[PDB]
Amino acid sequence: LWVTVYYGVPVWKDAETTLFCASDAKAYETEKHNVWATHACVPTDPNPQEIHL
Amino acid sequence: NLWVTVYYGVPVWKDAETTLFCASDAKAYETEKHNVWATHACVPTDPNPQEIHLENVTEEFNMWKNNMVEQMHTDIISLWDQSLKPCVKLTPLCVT
Amino acid sequence: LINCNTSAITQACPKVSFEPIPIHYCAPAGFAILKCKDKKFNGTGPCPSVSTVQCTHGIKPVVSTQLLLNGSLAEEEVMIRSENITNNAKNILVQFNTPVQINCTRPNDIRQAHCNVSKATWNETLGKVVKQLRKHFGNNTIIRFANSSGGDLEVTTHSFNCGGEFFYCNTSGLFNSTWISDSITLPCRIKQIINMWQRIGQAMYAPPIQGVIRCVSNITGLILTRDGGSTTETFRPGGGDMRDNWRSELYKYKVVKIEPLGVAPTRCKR
Amino acid sequence: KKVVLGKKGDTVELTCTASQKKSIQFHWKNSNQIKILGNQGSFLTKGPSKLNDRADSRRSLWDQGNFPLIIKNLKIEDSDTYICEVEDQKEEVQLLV
Amino acid sequence: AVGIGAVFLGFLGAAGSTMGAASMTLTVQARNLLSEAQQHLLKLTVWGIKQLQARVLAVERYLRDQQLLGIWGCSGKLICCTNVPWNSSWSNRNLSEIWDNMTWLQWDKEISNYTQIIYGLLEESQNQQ
Amino acid sequence: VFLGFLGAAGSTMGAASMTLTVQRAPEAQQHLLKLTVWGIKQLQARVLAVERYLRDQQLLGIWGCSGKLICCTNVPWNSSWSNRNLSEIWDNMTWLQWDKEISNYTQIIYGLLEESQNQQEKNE
Amino acid sequence: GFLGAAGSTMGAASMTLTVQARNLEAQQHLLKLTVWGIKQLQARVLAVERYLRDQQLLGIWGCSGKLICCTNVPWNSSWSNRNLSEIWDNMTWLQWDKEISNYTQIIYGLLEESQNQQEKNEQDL
Ligand SMILES: *[C@@H]1O[C@H](CO)[C@@H](O[C@@H]2O[C@H](CO)[C@@H](O[C@@H]3O[C@H](CO)[C@@H](O)[C@H](O[C@H]4O[C@H](CO)[C@@H](O)[C@H](O)[C@@H]4O[C@H]4O[C@H](CO)[C@@H](O)[C@H](O)[C@@H]4O)[C@@H]3O)[C@H](O)[C@H]2NC(C)=O)[C@H](O)[C@H]1NC(C)=O
Ligand SMILES: *[C@@H]1O[C@H](CO)[C@@H](O[C@@H]2O[C@H](CO)[C@@H](O)[C@H](O)[C@H]2NC(C)=O)[C@H](O)[C@H]1NC(C)=O
Ligand SMILES: *[C@@H]1O[C@H](CO)[C@@H](O[C@@H]2O[C@H](CO)[C@@H](O)[C@H](O)[C@H]2NC(C)=O)[C@H](O)[C@H]1NC(C)=O
Ligand SMILES: *[C@@H]1O[C@H](CO)[C@@H](O)[C@H](O)[C@H]1NC(C)=O
Ligand SMILES: *[C@@H]1O[C@H](CO)[C@@H](O)[C@H](O)[C@H]1NC(C)=O
Ligand SMILES: *[C@@H]1O[C@H](CO)[C@@H](O)[C@H](O)[C@H]1NC(C)=O
Ligand SMILES: *[C@@H]1O[C@H](CO)[C@@H](O)[C@H](O)[C@H]1NC(C)=O
Ligand SMILES: *[C@@H]1O[C@H](CO)[C@@H](O)[C@H](O)[C@H]1NC(C)=O
Ligand SMILES: *[C@@H]1O[C@H](CO)[C@@H](O)[C@H](O)[C@H]1NC(C)=O
Ligand SMILES: *[C@@H]1O[C@H](CO)[C@@H](O)[C@H](O)[C@H]1NC(C)=O
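Residue numbers (full-length UniProt numbering), protein chains in the order written: chain A, 33 to 85; chain B, 32 to 127; chain C, 192 to 299, 323 to 395, 409 to 457, 461 to 500; chain D, 26 to 122; chain E, 509 to 543, 557 to 650; chain F, 515 to 537, 554 to 654; chain G, 518 to 541, 557 to 657.
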């Protein structure tokens, strides 16, 4: 019939963004990952959430 | 016969006197004592800044009653007072 | 009928490194900073090539007197700005269209510093100012650059800072000529009991560090001052009100407030 | 119009006065408009006159608005009028020895 | 202020243009203009708050205009017409003398003597109606 | 306005349009740094989720139907835009399968749907 | 963000209900200011998202944008029909809010349907 327009519709397409990395580290050990995983990382997520669809 | 409209997004401006910041490019690990101050009171810069050239517009500037200067003369007095901390000051009081 | 006491505060004073970085000045949402792109701007009056940007360029807060180190250069010619020329009490700001580099160092008496500036690049760049000065002064008058006249040591000498050490450079051999129609050395003396430019009152610092002290900068400015008498004109330099240092870099900026809500008459209905 | 008298050699106190007591940049000039004193921020700057080393101001009083001119060693040549410039108020004061 | 701070700068794009050519492109532009170490992390968070204490300020400055447009009838409409008659005592100029030879800045030097009165008349005209 | 707002992508579009409108020591002295840093990540996600809503209320405003969920317009369908029988694309088809079908023409529908408001702006 | 102003009169509220939007160095404790800088900013995004989720309800009932909107759903007698004079004279908006307890949930249910009836009325002409 006629074109109608909805908002709030549950659709998603795809993405090619740049994800950021978490990697919970120690920040004082001289191991080479634990000195890299504080250079370009973040503390890991406290209370993560995961929903089943 | 002619009726009042309303428009949103008209290129009009006034002359206001807000309080702008600094937002410099500090490193937040140095101890240059500007990078100690610019990491606390100044945000990071914008890497893709906006710059819009205009049409035939002649703005009446001023240079000697500018009020961005009194918001730079404060943030450098409030730099040097926390950067070059001396050993002895002598500031008068002179109470009436 | 008044009398004044003088306090004496005493902080803990280490030797802090101190170099100025470029600091922008942006505003919050709902405002804008206009920018004058006219490359012949007197400072006041209608600027025809106005652009619109958020904040200005990285302005380095370089505190100085008698000169304007490390600033920004004019586009085409030497500009000369004042609130009212022939007021005789307004500081004539002067920009440069070229950097006059200045090596000013303490070698290995610990308060002793020469200050090398080339006589080739300075005699040209002081000559360009005499062209732009006779534009406002009659094209037949003699222009004489004296050294200073009295006052405190911070305004009578090129006082600046270099790695935390408060240099005090004597510039009598820099403005000495009299104009008609290889490398100078300047005897700088690091001081420890200075006056403050923030407020009124002296400050006493630590003794200077051990080692070499170096800072190579660009003189990109001047603060001259006329001495209007009763004929030639005597242009002795000056400074000291530190707003004039930063007035010469916020000179092409204005802060406006966007008001996007128009009410115009038309012939609409409903 | 104010006026003052001195004998010889003494120290006078010719005062401007501002309105807010927050250290407005002032000056002092003679009748022929040569600079005598003047605030430059929080420093002090004299002018290339005959009084180049015999003039002074109280630096502690600039925060309380008053900008005096103190001339030591009054000679015979400095009998003149002297003019403040605070913001616009050219407050003239004439001195005779 | 990357979200709705670049919108307010885009309003001033066609300044100094004529009043007809500046109001004609309002619909066009707004669709286009709306388009970690130890010592670091306790300073890099204040660089994340201060970049959000102004980005949120671009939101609640933009919604303080739609709360103002919504009082005068039309909300969400850029070009909008109202049932209030234009008094000639604001300006005694014909519409041929207005949308052809004026820029938008000259209106702030012409009707701002009256621009708080018009905002009251636009209130009641969409209050009782 | 949120980002985990519609994770209810069921099966029936007729039922989806119905629910379209109804919507201890892990510390090691660093648990105040985990909750502060990821507090920002839950604020950079919520504020951008607001500015996506305001970017879309201006796009629904150009189509005239702003501040409303189900926008009924005054432009008919076509034959190129997956001319089904209004039963296979409304009672047994998920929205993701429907969005994958007309994805070739969503940039083509949006052009004329702007023009259908400008014609309704001519009679004013 | 849209709060109130002291209540204290029902009639004097509706005059001043419009004017709430009709016109308008530490470096030592970096956890006292960073934690309370988020909690004072999480309470400014919620004051924006509660406004947009409440202009969404008024968008359903056709009242989107208008502060004082008027709608075509009549008073039932079973919703605490008091004197309509003294409600605006000497009463606060808190005291009126107690005067309907569970009728607010069924007042809203008619406004969702009366617009949908009006949706089936404007498209049936
Ligand atoms: C105009 O701009 C120019 C361009 O930036 C400015 O010139 C810069 O000036 C700074 C200092 O004034 C200078 O920085 C030095 O660089 C050296 C080369 O790497 C460094 O070695 C030196 O660090 C030492 O000195 C500091 C002074 O306090 C110490 O804090 C620091 O820890 C280092 O100290 C060691 O060495 C000293 C002896 O020097 C010794 O006493 C200590 O115990 C320790 O062993 C400075 O960082 C820049 O290099 C200059 N830039 C350039 C390009 O050369 C100029 O200052 C600006 N003009 C004005 C007026 O500000
Ligand atoms: C710039 O300053 C000068 C000096 O103060 C002003 O010139 C004098 O102004 C006084 C006003 O009290 C007059 O009585 C003199 O006749 C003026 N002298 C000269 C030589 O002009 C001048 O007016 C100022 N310029 C501006 C634009 O304000
Ligand atoms: C700054 O330097 C100048 C010269 O470069 C000093 O001025 C005079 O210079 C001559 C030689 O050129 C000397 O014979 C004099 O003794 C100097 N002084 C005077 C008072 O004439 C000037 O003194 C220097 N400034 C300071 C503060 O020392
Ligand atoms: C600038 O002025 C000229 C002169 O009339 C005009 O033709 C031109 O359109 C103006 N510029 C803009 C961008 O409108
Ligand atoms: C600066 O130049 C402008 C012309 O561009 C002129 O109107 C103004 O009077 C000048 N100001 C001074 C102080 O010379
Ligand atoms: C400086 O230049 C001028 C003209 O260019 C010249 O008259 C003068 O001799 C020069 N001085 C020196 C020291 O080179
Ligand atoms: C000074 O020079 C300029 C350009 O060389 C000239 O226009 C001006 O008339 C001169 N001034 C005089 C002769 O007084
Ligand atoms: C200026 O020069 C004269 C003579 O050359 C000298 O007596 C005086 O001390 C100098 N003053 C300064 C501040 O250099
Ligand atoms: C001096 O100017 C040159 C360009 O003319 C620039 O590259 C250099 O960095 C400047 N020196 C400073 C800012 O110290
Ligand atoms: C999931 O599918 C089953 C079987 O088709 C159906 O009964 C149920 O209602 C569906 N639930 C949702 C949430 O889609």
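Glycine included, C-beta positions come from ideal geometry on N, C-alpha and C.
* Asked: Residues in the region 82 to 104 of chain D with C-beta within 9 Å of chain B's C-beta atoms, listed in sequence order?
  -> Answer set for the region 82 to 104 of chain D: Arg84, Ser85, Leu86, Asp88 and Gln89.
* Mind checking if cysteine 73 of chain A is an interface residue toward chain E, Cβ cutoff 8 Å exclusive? -> Flagged as an interface residue toward chain E: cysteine 73 of chain A, by a C-beta distance shorter than 8 Å.
* Asked: Exposed or buried, which one is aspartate 366 of chain C when buried takes at least 16 other CB atoms within 10 Å?
  -> Only buried fits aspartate 366 of chain C, as 16 or more other CB atoms lie within 10 angstroms of its CB.
* To do: Note the first and the last residue of the continuous beta strand (DSSP E) segment covering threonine 603 of chain E.
  => It spans 601 to 606 - the beta strand (DSSP E) in which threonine 603 of chain E sits, taken as one unbroken run.
* Apart from the five residues on each side of it in sequence, which residues of its chain come closer than 6 Å, Cβ to Cβ, to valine 253 of chain C? -> The answer, listed in chain order, is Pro211, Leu260 and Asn261.
* Asked: Around the C-beta of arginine 466 of chain C, are 16 or more other C-beta atoms found within 10 angstroms, so that it is buried, or is it exposed?
  -> Answer is buried; the Cβ neighbour count reaches 16.
* Asked: Measuring CB to CB, does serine 114 of chain B end up less than 8 Å from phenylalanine 380 of chain C?
  -> Taking 8 Å as the Cβ cut-off, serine 114 of chain B and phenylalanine 380 of chain C do not qualify as a contacting pair.
* To do: Could you confirm whether any beta carbon from chain H is found closer than 8 Å to the beta carbon of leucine 33 of chain B?
  => The structure shown contains no chain H; the protein chains it does contain are A, B, C, D, E, F and G.
* **Beta-carbon spacing of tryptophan 625 of chain E, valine 35 of chain B below 8 Å** => No, the pair does not count as a contact, with Cβ atoms beyond the cut-off.
* Output the residues surrounding ligand 3, defined as those with a CB atom closer than 6 Å to any ligand heavy atom, in chain order. => Ordered along the chain, the selected set is C:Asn384, C:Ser386 and C:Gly387.
* In angstroms with no decimal places, state the Cα-to-Cα distance between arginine 297 of chain C and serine 55 of chain B. => One C-alpha to the other measures close to 31 Å.
* To do: Check the Cβ of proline 117 of chain B against every Cβ in chain D and list those closer than 7 Å, keeping chain order.
  => By Cβ distance, chain D contributes nothing, its closest Cβ being about 15 Å from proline 117 of chain B, past 7 Å.
* Helix or strand or just coil, what does DSSP make of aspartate 81 of chain D? -> For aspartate 81 of chain D, the secondary structure class from DSSP, reduced to helix, strand or coil, is strand.
* Can you tell me the Cβ-Cβ gap for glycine 528 of chain F and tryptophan 628 of chain F, rounded? I've got them flagged as a contact below 8 Å. => 12 Å between Cβ atoms; not a contact.
* Asked: In chain order, which continuous runs of the alpha helix (DSSP H) of length 4 or greater are located wholly inside the UniProt region "Fusion peptide" (509 to 529) of chain E?
  -> DSSP runs (the alpha helix (DSSP H)) wholly in the UniProt region "Fusion peptide" (509 to 529) of chain E: 514 to 519.
* To do: Buried or exposed for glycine 597 of chain G, please, with buried defined as at least 16 other CB atoms from any protein chain shown within 10 angstroms of its CB.
  => Taking all protein chains shown into account, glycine 597 of chain G has 16 or more neighbouring C-beta atoms within 10 Å of its C-beta and is therefore buried.
* Sequence ranges, beta strand (DSSP E) only - wholly within the region 561 to 607 of chain E, length at least 3 -> Entirely contained in the region 561 to 607 of chain E, the beta strand (DSSP E) runs reaching 3 residues are, in chain order, 601 to 606.
* Nearest-angstrom Cα distance between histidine 350 of chain C and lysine 60 of chain D? -> Computed Cα separation, rounded: 21 Å.
* C-alpha gap between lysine 231 of chain C and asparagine 288 of chain C, whole angstroms -> Each residue's Cα considered, the two are about 12 Å apart.
* Asked: Is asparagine 87 of chain B near ligand 2, going by C-beta to nearest heavy atom under 7 Å?
  -> It does not: the Cβ of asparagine 87 of chain B is nowhere closer than 7 Å to a heavy atom of ligand 2.
* Per-residue contacts from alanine 430 of chain C into chain B (C-beta, under 9 Å) -> The contacting residues are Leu115, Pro117, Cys118, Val119, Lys120 and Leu121.
* Collapsed DSSP secondary structure at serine 646 of chain F in the structure displayed -> Correct three-state label for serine 646 of chain F: helix.
* For a contact meaning CB atoms closer than 9 Å, what does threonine 36 of chain A contact in chain F? -> What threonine 36 of chain A touches in chain F: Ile600, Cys601, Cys602 and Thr603.
* Asked: Closer than 7 Å: is that where the CB of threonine 235 of chain C sits relative to any heavy atom of ligand 5?
  -> Within the cutoff, so yes.
* Between which two residues does the beta strand (DSSP E) containing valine 37 of chain B stretch? -> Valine 37 of chain B -> beta strand (DSSP E) spans 34 to 37.
* Asked: Name the chain E residues that come within less than 8 Å of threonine 62 of chain A, Cβ to Cβ?
  -> Neighbours of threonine 62 of chain A on chain E: none; closest Cβ ~14 Å, over 8 Å.
* Using the beta-carbon count (16 or more within 10 Å), is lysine 71 of chain D buried or exposed? -> With 16 or more Cβ atoms within 10 Å of its Cβ, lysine 71 of chain D is classed as buried.
* **Length of the line joining the Cα atoms of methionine 431 of chain C and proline 205 of chain C** => Spanning the alpha carbons of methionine 431 of chain C and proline 205 of chain C requires a straight line of approximately 13 Å.
* Within chain C, partners of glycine 34 of chain D - CB distance below 7 Å -> In chain C, no part has a C-beta under 7 Å from the C-beta of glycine 34 of chain D; the shortest such distance is about 20 Å.
* To do: Could you tell me whether any non-hydrogen atom of ligand 5 is closer than 7 Å to the CB of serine 273 of chain C?
  => It does: the Cβ of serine 273 of chain C is within 7 Å (strictly closer) of some heavy atom of ligand 5.
* Asked: Looking only at DSSP bridge pairs, what is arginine 500 of chain C linked to?
  -> BP columns for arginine 500 of chain C are empty, so no partner.
* Length of the line joining the Cα atoms of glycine 341 of chain C and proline 490 of chain C -> Put simply, the backbone Cα of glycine 341 of chain C is about 49 Å away from that of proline 490 of chain C.
* Asked: Among all the DSSP beta bridges, which residues are the ones paired with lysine 60 of chain D?
  -> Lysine 60 of chain D is bridged to D:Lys54.
* To do: Identify whether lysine 115 of chain D lies in helix, strand or coil by the three-state DSSP scheme.
  => Correct three-state label for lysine 115 of chain D: coil.
* Just to confirm, does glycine 378 of chain C get its C-beta within under 7 Å of one of the non-hydrogen atoms of ligand 7? -> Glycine 378 of chain C Cβ: outside cutoff for every heavy atom of ligand 7.
* Asked: At least one CB of chain E closer than 8 Å to the CB of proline 80 of chain B: is that the case?
  -> It does not; no Cβ of chain E falls within 8 Å.
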